[PDB]
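> Mind having a look at this structure? Questions to follow.
Note: ideal-geometry Cβ built from the backbone for every residue, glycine included; neighbour counts use all protein chains shown. Please treat every number below as a calculation from the coordinates, not as lab data.
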Amino acid sequence: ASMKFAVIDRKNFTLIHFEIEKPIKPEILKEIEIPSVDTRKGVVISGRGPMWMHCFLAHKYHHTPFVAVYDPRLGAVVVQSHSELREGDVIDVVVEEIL
Amino acid sequence: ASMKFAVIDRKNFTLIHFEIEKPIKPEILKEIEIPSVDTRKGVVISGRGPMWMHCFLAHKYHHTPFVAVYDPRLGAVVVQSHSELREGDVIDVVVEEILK
């Protein structure tokens with residue numbers, strides 16, 4: 001039960017948001033079931049969690065056109081791409097959680 | 001000028017420490033010049049920075065045997081590997097930073 005993912009498909013990318021419920025150990029990277037996605041599109045990843053969670057997930061979608069990582073102050077920052085965008089580009093995205 | 005790297009070699013991996021000094025924009029990922037390393041060995045990355053910096057760096061060493069990311073509470077957590085360790089393994093290394 002210890003993490004939830006929410007997946008949202010957009011014309012140009014799939015947003016993947018993760019939420020940690022119980023506290024977690026790094027073993028969990030062996031077990032966790034990653035959401036599958038249209039790989040013809042790039043991917044944006046968000047969530048509060050340790051950096052290792054973000055890195056792990058980013059690597060897992062490295063075959064997609066691009067992977068970007070959400071920053072509350074900025075939007076989604078592209079950290080690697082095969083095609084559509086360049087490392088360091090920013091996709092204009094805002095994520096909000098019910099208050 | 002706005003980021004420094006330090007490299008420390010070990011038998012089984014190369015530690016890469018980064019430090020941000022001025023605040024930075026994501027454009028910087030286009031300019032950054034990454035330290036080169038013995039690629040026969042995996043790599044450990046440590047440094048305070050936004051998630052995107054960590055991810056960026058981790059991708060850049062993806063040809064090495066493994067990439068692990070340092071967590072003060074835990075050690076260095078493997079987040080991808082081609083060869084020596086498994087995702088989620090923890091290298092038991094203690095890193096300490098000094099004011100100077």
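> Can you name the residue in the stretch B:4-25 that is surrounded by 15 or more Cβ atoms within 10 Å (Cβ to Cβ) and of a type outside the set (S, T, N, Q) and is also farthest from residue B:62 (Cα to Cα) among such residues?
The extreme case among them is B:24.
> Within the bounds of the stretch A:52-61, is there any residue that is buried (at least 20 other Cβ atoms within 10 Å of the Cβ), charged (D, E, K, R), more than 8 Å from chain B (Cβ to nearest Cβ) and within 22 Å of residue B:69 (Cα to Cα)?
Looking through the stretch A:52-61, at least one residue is buried (at least 20 other Cβ atoms within 10 Å of the Cβ), charged (D, E, K, R), more than 8 Å from chain B (Cβ to nearest Cβ) and within 22 Å of residue B:69 (Cα to Cα).
> To continue, here is another question. If the requirement is being among the acidic types (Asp, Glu) and farther than 24 Å from residue B:88 by Cα, which of these qualifies: A:27, A:33, A:84, A:19?
Going through A:27, A:33, A:84, A:19 in turn, the sole match is A:84.
> Would you be able to say whether some residue in the stretch B:10-20 is of a type in the set (S, T, N, Q) and without any contact (Cβ under 8 Å) to a residue 12 or more places away in the chain?
no
> Right, here's the next one. I'm told residue A:44 meets every condition in (1) at the interface with chain B (Cβ under 10 Å from one of its Cβ atoms); (2) within 13 Å of the chain's Cα centre (by Cα); (3) of a type outside the set (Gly, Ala, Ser) except one. Can you identify the failing condition by its number?
That leaves (1) as the condition not met.
Okay, residues lined up against (1) in contact with an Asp or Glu (Cβ under 6 Å, 6 or more places away or on another chain); (2) surrounded by fewer than 12 Cβ atoms within 10 Å (Cβ to Cβ); (3) within 11 Å of chain B (Cβ to nearest Cβ); (4) more than 18 Å from residue B:77 (Cα to Cα):
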{"residue": "A:27", "(1), (2), (3), (4)": "no, no, yes, no"}
{"residue": "A:31", "(1), (2), (3), (4)": "no, yes, yes, no"}
{"residue": "A:73", "(1), (2), (3), (4)": "no, yes, yes, yes"}
{"residue": "A:94", "(1), (2), (3), (4)": "no, yes, no, yes"}
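> Just to be sure I understand, how many residues within the stretch B:33-51 are surrounded by 20 or more Cβ atoms within 10 Å (Cβ to Cβ), in contact (Cβ under 8 Å) with a residue 12 or more places away in the chain and within 16 Å of residue A:54 (Cα to Cα)?
Result for the stretch B:33-51: 4.
> A follow-up question, please. Looking at the stretch B:78-92, which of its residues are within 14 Å of chain A (Cβ to nearest Cβ) and surrounded by 10 or more Cβ atoms within 10 Å (Cβ to Cβ)?
Correct list: B:78, B:79, B:80, B:81, B:82, B:85, B:86, B:87, B:88, B:89, B:90, B:91.
> Based on this model, can you work out whether residue A:66 counts as over 17 Å from residue B:78 (Cα atoms), under 15 Å from the mean Cα position of the chain (by Cα) and aromatic (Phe, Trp, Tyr)?
Yes.
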